[PDB]
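Since the structure comes first, as structure tokens, the remarks are kept for the end.
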Amino acid sequence: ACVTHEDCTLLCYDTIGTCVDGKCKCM
């Protein structure tokens, strides 16, 4: 569901590096 870091800027630094399991979540 993610496209890039910008698409998940709300996340501290995403889960892995841009997206995982089609779901964007901060570690």
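Following the entry's author numbering, the numbering of the sequence shown begins with 1 at its first residue and continues without gaps.
The beta carbon of each residue, even a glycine, is placed where N, CA and C say it ideally should be.
Return the bridge partner residues of residue i from the DSSP annotation.
| i | result |
| --- | --- |
| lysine 23 | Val20 |
Can you tell me the Cα-Cα spacing of residue i and residue j, whole angstroms?
| i | j | result |
| --- | --- | --- |
| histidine 5 | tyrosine 13 | 8 Å |
| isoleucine 16 | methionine 27 | 8 Å |
| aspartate 21 | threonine 9 | 17 Å |
| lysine 25 | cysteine 19 | 8 Å |
| residue 116 | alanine 1 | Residue 116 lies beyond the stretch modelled for the chain, which goes from 1 to 27, so this question has no answer here. |
Check residue i in the structure and name its three-state DSSP category.
| i | result |
| --- | --- |
| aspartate 7 | helix |
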